[PDB]
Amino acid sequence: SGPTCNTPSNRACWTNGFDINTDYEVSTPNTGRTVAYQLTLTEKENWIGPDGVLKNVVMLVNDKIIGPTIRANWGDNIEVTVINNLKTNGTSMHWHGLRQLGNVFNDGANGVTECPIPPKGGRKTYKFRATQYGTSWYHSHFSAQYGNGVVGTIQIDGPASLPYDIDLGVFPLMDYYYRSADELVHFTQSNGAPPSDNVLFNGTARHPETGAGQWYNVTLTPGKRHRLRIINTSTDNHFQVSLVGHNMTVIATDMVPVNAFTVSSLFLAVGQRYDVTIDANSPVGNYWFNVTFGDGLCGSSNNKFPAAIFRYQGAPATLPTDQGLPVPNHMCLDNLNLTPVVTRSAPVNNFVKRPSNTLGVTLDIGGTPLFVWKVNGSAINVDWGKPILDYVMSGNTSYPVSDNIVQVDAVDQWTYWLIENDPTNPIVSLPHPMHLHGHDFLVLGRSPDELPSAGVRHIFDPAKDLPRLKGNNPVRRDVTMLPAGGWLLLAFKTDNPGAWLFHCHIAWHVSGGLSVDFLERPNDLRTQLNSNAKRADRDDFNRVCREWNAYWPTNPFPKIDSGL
C-alpha cells in the first residue's frame, strides 16, 4: 500500500484515512509491506576521490563515495543488512531522525544499544518500522567513521504541506576533507576545527584548481514546481545554500512537515535537512546552486565557491553566467519561525532553572588531549563491549560515570532541559548543533541572536527570557543550534522507554566527549527488552556483542576518542 490520493494538485492527501494533518506519532498506516536493503562496507587505501585528489583511505557504502537511499512508504517495515567488510574498524549504523518507537535495539549506537559489528565480514540485519515520513540520512556511530564515507540517505514517501509536480529526490550535501577521519580526530584533539577541502554535491565533487572532478547537474521543467530534499551530512561545516534566480519554499524541517515558508537563502546545521519547493518560473538558462558560509566558527572551505548547476530543460550545456547576489550571514543559527502542521503544546510559563534540568557544556583545556568537551563536568566515553542496554537487561544500575547517564522517570510527561554553552569561559565558546536520539524536541527558546565571533555572552535570565520562550507549537525537529556563548531550552515527551544519546553532531566534538545519555523509563524499558516479543532482538544484540568482544583483542589499533 502506497498512496491512493497523492497527486500533483493534492499532495496533502495520501490515502483515505491519512494525510498531512494526521498525527504521525499516533496513527500509522498498516501496510503489509516489508522492504529489505543490503549495505556492504569496503575499505580502500590510496584511492582517487571525487575531485581527483588522492585519499589515503576511505570507507564506502556499496562501492560508491555515498551510500544508496533507503526508500519506502510511510508505514512499511524495513530490514537493512549491514555487512562490515572493513579491514579493522567496527561499525554502528545509525538511522538519523528515526523515532525508533519502542525499538531501541535497532537505533544503532555502539556502547549504548549495540556492540559494534566486527570487521572481516561480520554483519547484522537492522529491523525497524517507518512511523514517519520525510527526508533523513543514515551514518556510522563508530567514532568519526562516517566522515570516511560511511554515510547515506533515507526517504520515506508520505503527504506534503504544499502541492508540486516533480520530486527531484534527495540532495545530500557534505563537507569533504583529503585527510582521514582518524587523522582529523587526532588533529582536533589539540587544534581548532579545520576548513573542509571541498564540498560534495549528491556524491560528487569538482576541484577548484585542476578544474577536475565535475559539476553536478539538476534539471528543471519550465513552470512545474519541484521538491528538493536537502541534507547536510557533514562532520563539521554548516551550510548556507541558495539558488541564483530563485527562492525556495520550505515545507519540511527534518522529519516534520511545516507550513509553507519561502526563503531566499537557507542555513543547514550538521544533521539537519529541509524539504523545499522550487517553482521554475525563470528564463531557460543556467543557475548556480551556491554553497556559502557565515561566521567561520561553524565552518569554512578551502573551496571558496562550491556549487552545482541547475539547468532548465532545453538549456545548453554551458555554465551559469550570473554569479548571483551576496548571501546574508546566518550567523551560525538556524531559523525558528517555522510552524509544524501537526501542532504541539508545552507549558513554558512555569520553567525554573535548577541542577536536575540543566546540562552544562564545557571545554576542558588541560592536557592530553588539549581539547576535551564535557557535559555537566564529565566527558562521555562509552564501552564498545558493555552497552548500557546490558546494565538495563540485568539488575546492574551501577552505570559508569563516563556514560553520563541522565535518568528520567517521568511517565509520558513533557520534560524540560536547559543547555548552557560554557558561559564562564572568557576565552572561547563555540556553536554546537545538538541532536536527540529517539525523540523530536520542541525548541522552546534560545538566547538572543548574535554574531558568534563578537563573543557576546548570554546567561539564562527568568526576567527577560520567559516572555520570549514559546510553548504554543514551536519548531520541532531532531537537530537545532545551541548558540555560541549562549543557552538553549528544549523539551521532549518521555514516551519511548530507552537509552537516548543527546550530543553534538560535530564529529570532532562528540569524539571529544560532548554527549549525555538519557536513560528514559528504565523500569518500563527493562520489561520491554526482556519480554518474549524482543527475544530475536535481544538475542541478536547479545550475539553481535559476543563476536565483537572476541575480535577486539586482535585489533591492532586503540580507541582514541569517546567512541561516539
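Residue numbers run from 1 along the displayed sequence.
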| property | result |
| --- | --- |
| Residue stretch of maximal mean CA temperature factor, 289 to 297 vs 320 to 328 | 320 to 328 |
| Higher-B stretch (mean Cα B-factor, as the entry records it), 401 to 409 or 209 to 217 | 209 to 217 |
| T34, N496, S511, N530, ranked by C-alpha B-factor: the highest one | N530 |
| Of the residues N303, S190, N85, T125, the one carrying the largest Cα B-factor as recorded | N85 |
| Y178 - Cα temperature factor, lowest/middle/highest third of chain | lowest |
| Third of the chain's Cα B-factor distribution that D390 belongs to, per the entry | highest |
| Chain-wide C-alpha B factor ranking for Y24, given as lowest, middle or highest third | middle |
| Position of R476 among the chain's modelled residues by C-alpha B-factor, lowest, middle or highest third | middle |
| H432 by Cα B-factor - lowest, middle or highest third of the modelled chain | lowest |
